[PDB]
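Here are two versions of the same chain, shown separately as structure tokens and labelled structure 1 and structure 2.
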Structure 1
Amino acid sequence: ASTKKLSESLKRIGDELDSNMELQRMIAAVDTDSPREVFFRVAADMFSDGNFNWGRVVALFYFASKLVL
């Protein structure tokens, strides 16, 4: 427990997002014609179990960022 430990945990997590080549490839393999359709399709499957927890929403926000930027 400390501010150092928290920063390293977040640093580790963020670095896991960007360096996960499998995720990056799946994200690139989706589409680039019409992001709106891709977003709602991915969102529907992510939440088909009904669980709308904050971690998943942030994952979806990361995905949308890569789609529009």
Structure 2
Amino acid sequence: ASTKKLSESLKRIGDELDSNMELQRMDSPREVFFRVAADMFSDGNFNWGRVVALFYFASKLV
């Protein structure tokens, strides 16, 4: 029950990110990444979850 309560949480978070935001929204890879990254951190909040979402976004374009 220990690992099961944690995996169902991440599984619940993962599917709700996949169904809420119409993702897979995707000319020049480097520019547009730094374009959204500058807009992600216009407010000086560099929280860790923002880097993780920005990490996957960078690997998507490659």
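Here the rigid core means the biggest group of C-alpha atoms that line up within 1.5 Å when the two forms are laid on top of each other. Sequence positions of structure 1, starting at 1, serve as the residue numbers.
Asker: Core aligned, does the CA of residue 45 move at least 2 Å between the two structures?
Answerer: No, the C-alpha moves less than 2 Å.
Asker: Any CA movement of 2 Å or more for residue 59 between the two structures, core superposed?
Answerer: After core superposition, the displacement of the residue 59 C-alpha between the two structures stays below 2 Å, so no.
Asker: Relative to the superposed core, what is the Cα shift for residue 7 between the two structures, in Å?
Answerer: Residue 7 C-alpha displacement between the two structures, core-aligned: 0.9 Å.
Asker: Core superposed first, then measure: what is the displacement of the CA of residue 16 between the two structures, in Å?
Answerer: Comparing between the two structures after core fitting, residue 16 shifts 3.6 Å at its C-alpha.
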